[PDB]
Amino acid sequence: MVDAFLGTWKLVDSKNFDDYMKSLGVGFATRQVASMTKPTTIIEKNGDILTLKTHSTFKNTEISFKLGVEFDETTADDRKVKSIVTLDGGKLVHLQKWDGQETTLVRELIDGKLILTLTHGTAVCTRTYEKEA
Ligand SMILES: CCCCCCCCCCCCCCCC(=O)O
Ligand SMILES: N[C@@H]1[C@@H](O)[C@H](O)[C@@H](COP(=O)(O)O)O[C@@H]1O
């Protein structure tokens, strides 16, 4: 039920990503480079396994998961977390837990653009991705 999310997407706007990274304890030099990086996110499915690739000139990640089933993840900033991804209100909600902390990565389609909202602590970052053909 994840189908409109599938494809290759390019970052076209970012708000408050420095605040989100700083909340997670990312150091200033990594924040600096990240603030100038425009990732490509690729979301594919094979049966009920999703694979989400994030590619850039700086960091690169890949995760595979089944919705609703917890998985181990090592994030771009090297946090080792317990993760689960579900559909909720038509949004793809990715929850990461580690050391009693949590962060959510929520993706929603609005007017054909994929809006990624990242929340940790009080920090709320909104990143807009546009689909590639
Ligand atoms: C894979 C590219 C990551 C770029 C930024 C690296 C340092 C901060 C990492 C924070 C967690 C992951 C944020 C993902 C943001 C996104 O997908 O647009
Ligand atoms: N096992 C890991 C990942 O879990 C971690 O995310 C990543 C850091 O980002 P990058 O690969 O870009 O250094 O290193 C590996 O490839």
# chains A, B, ... in the order shown; residues from 1 in each chain; ligands from 1
>>> residues_near_ligand(ligand="ligand 2", cutoff="9 Å", atoms="only C-alpha atoms and all ligand atoms", output="PyMOL selection string")
chain A and resi 55-63+73-80
>>> residues_near_ligand(ligand="ligand 1", cutoff="10 Å", atoms="only C-alpha atoms and all ligand atoms", output="VMD selection string")
chain A and resid 10 to 11 13 to 14 17 to 18 20 to 27 29 to 41 52 to 62 74 to 79 103 105 107 115 to 118 125 to 129
>>> select_by_dssp(residues="chain A", states="strand (DSSP E)", output="PyMOL selection string")
chain A and resi 7-15+40-46+49-55+61-66+71-74+80-88+91-98+101-110+113-120+123-132
>>> closest_residue(among="A:7, A:121, A:112, A:90", to="residue 51 (chain A)", atoms="only C-alpha atoms")
A:7
>>> atom_distance(atom1="CA of residue 84 (chain A)", atom2="CA of residue 70 (chain A)")
4.6 Å
>>> select_by_dssp(residues="chain A", states="alpha helix (DSSP H)", output="ChimeraX atom specification")
/A:17-23,28-34
>>> closest_residue(among="A:81, A:98, A:123, A:86", to="residue 15 (chain A)", atoms="only C-alpha atoms")
A:123
>>> atom_distance(atom1="CA of residue 66 (chain A)", atom2="CA of residue 106 (chain A)")
16.3 Å
>>> residues_around(residues="residue 83 (chain A)", least_positions_apart="3", cutoff="7 Å", atoms="only C-alpha atoms", output="list in words")
residues 70, 71, 72, 73, 94, 95, 96 and 97 of chain A
>>> write_last_selection(atoms="N, CA, C and O atoms", output="PDB file, in the first residue's frame")
ATOM      1  N   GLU A  70      10.135  -4.781  13.281  1.00  0.00           N
ATOM      2  CA  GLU A  70      11.326  -4.085  13.754  1.00  0.00           C
ATOM      3  C   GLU A  70      12.577  -4.598  13.027  1.00  0.00           C
ATOM      4  O   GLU A  70      12.707  -5.797  12.729  1.00  0.00           O
ATOM      5  N   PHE A  71      13.522  -3.690  12.813  1.00  0.00           N
ATOM      6  CA  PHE A  71      14.810  -4.023  12.204  1.00  0.00           C
ATOM      7  C   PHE A  71      15.901  -3.205  12.893  1.00  0.00           C
ATOM      8  O   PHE A  71      15.664  -2.088  13.360  1.00  0.00           O
ATOM      9  N   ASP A  72      17.118  -3.763  12.909  1.00  0.00           N
ATOM     10  CA  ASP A  72      18.278  -3.012  13.329  1.00  0.00           C
ATOM     11  C   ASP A  72      18.730  -2.070  12.211  1.00  0.00           C
ATOM     12  O   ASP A  72      18.679  -2.433  11.028  1.00  0.00           O
ATOM     13  N   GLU A  73      19.204  -0.891  12.584  1.00  0.00           N
ATOM     14  CA  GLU A  73      19.659   0.103  11.623  1.00  0.00           C
ATOM     15  C   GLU A  73      20.861   0.825  12.203  1.00  0.00           C
ATOM     16  O   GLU A  73      20.902   1.098  13.409  1.00  0.00           O
ATOM     17  N   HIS A  94       8.635   6.264  10.020  1.00  0.00           N
ATOM     18  CA  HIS A  94       9.825   5.508  10.436  1.00  0.00           C
ATOM     19  C   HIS A  94      10.201   6.018  11.821  1.00  0.00           C
ATOM     20  O   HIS A  94      10.513   7.187  12.007  1.00  0.00           O
ATOM     21  N   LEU A  95      10.135   5.108  12.820  1.00  0.00           N
ATOM     22  CA  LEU A  95      10.481   5.418  14.197  1.00  0.00           C
ATOM     23  C   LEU A  95      11.803   4.730  14.520  1.00  0.00           C
ATOM     24  O   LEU A  95      11.923   3.509  14.309  1.00  0.00           O
ATOM     25  N   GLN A  96      12.765   5.482  15.035  1.00  0.00           N
ATOM     26  CA  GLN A  96      14.044   4.972  15.519  1.00  0.00           C
ATOM     27  C   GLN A  96      14.132   5.176  17.025  1.00  0.00           C
ATOM     28  O   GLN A  96      13.812   6.254  17.525  1.00  0.00           O
ATOM     29  N   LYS A  97      14.585   4.135  17.739  1.00  0.00           N
ATOM     30  CA  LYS A  97      14.746   4.151  19.191  1.00  0.00           C
ATOM     31  C   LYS A  97      16.150   3.719  19.556  1.00  0.00           C
ATOM     32  O   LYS A  97      16.640   2.690  19.054  1.00  0.00           O
TER      33      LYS A  97
END
